[PDB]
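Asker: What shape does this take:
(chains A and B)
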2 protein chains.
Amino acid sequence: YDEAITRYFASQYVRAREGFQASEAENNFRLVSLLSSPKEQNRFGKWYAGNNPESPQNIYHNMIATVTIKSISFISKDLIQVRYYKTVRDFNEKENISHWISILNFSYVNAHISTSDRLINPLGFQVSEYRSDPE
Amino acid sequence: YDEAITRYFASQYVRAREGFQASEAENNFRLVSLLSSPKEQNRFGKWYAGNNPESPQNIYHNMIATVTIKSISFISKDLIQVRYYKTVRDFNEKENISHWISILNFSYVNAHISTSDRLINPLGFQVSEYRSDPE
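Answerer: Numbering: from 1, shown residues only, chains lettered A, B, ... in the order given. Structure data below:
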């Protein structure tokens, strides 16, 4: 497929995985899950679990964390680098900005997707490996 | 382009235009604007304006309005029908569900889109005419 559409989905994936807002948690969780390989769905879920203090649910509890994409680059046929910053805002007036870099192992799979799951993952974008580190 | 990607964007457009949540207003407004022809951007803006009591800002002030897509159908090469329901929830515990049908006149345009506007409208999806009516 096009590079623009792959960038489109890599951006989305990183925003949904690394951002957080209570109102959008169920949608973001489901978006990330649908764009993840079964093995990756599982790591993501253990990480997002409410009992993990490093879950976005917890570290951004009562906060809003927005991801701004800086750049997206292909290191390889199936390897994307996404540089971004998180802007985090509390119940008060206080912004902390921090910079991060994510690596996605990805591909597209012709599989079965229900008519409605295709309104989220129309092309079978699948992230098989993922990592986020600060800069 | 694919039907799945066109459905993908028609769904998105209708969710962003007909839904409402304060936290996501700026993003939704910008998404709808970017996927609209200049003439349609303008009608949408006069409609969304804070002084219009029929703006989503006002009719769903302090509420959350979520769009669930029922179906998407092509009536023609450039004419989509999107049937959906709005579920509206107040500060209390009270849900009103209502059913609606939207008509989109659409196309794709090879134009200039900045690298970052392409993380929202990667393919130049443009809605030239639009209307939403109850069922």
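Asker: partners of the closest residue to residue A:14 other than its chain neighbours in the sheet?
Answerer: Closest residue to residue A:14 apart from its sequence neighbours, by Cβ to Cβ, 6 or more residues apart in numbering or on different chains: residue A:82 at 4.9 Å. (Each C-beta comes from the backbone N, C-alpha and C, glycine too.) Residue A:82 forms beta bridges with residue A:72, residue A:102, as assigned by DSSP bridges.
Asker: who's in contact with residue A:82?
Answerer: A:10-11, A:14, A:69, A:71-72, A:101-104 (Cβ atoms under 8 Å, 6 or more residues apart in numbering or on different chains).
Asker: try 10 Å
Answerer: For residue A:82, the contact set (Cβ atoms under 10 Å, 6 or more residues apart in numbering or on different chains) comprises A:7, A:10-11, A:13-15, A:18, A:67, A:69-73, A:100-104, A:130, A:132.
Asker: Also residue A:52?
Answerer: A:45-46, A:58-59.
Asker: And for residue A:86?
Answerer: With Cβ under 10 Å, 6+ apart, residue A:86 has these contacts: A:18-20, A:56, A:60, A:65-68, A:96-100, A:132, A:134.
Asker: Now find how far off-centre the helix or strand harbouring it is within its chain.
Answerer: Using DSSP states H and E, residue A:86 falls within strand A:79-89. Distance of strand A:79-89 from its chain centroid, counting by Cα atoms, centre = their mean, to the nearest Å, is 9 Å.
Asker: Kindly report the same for stretch A:21-35.
Answerer: Distance, centroid of stretch A:21-35 to centroid of chain: 9 Å (Cα atoms, centre = their mean).
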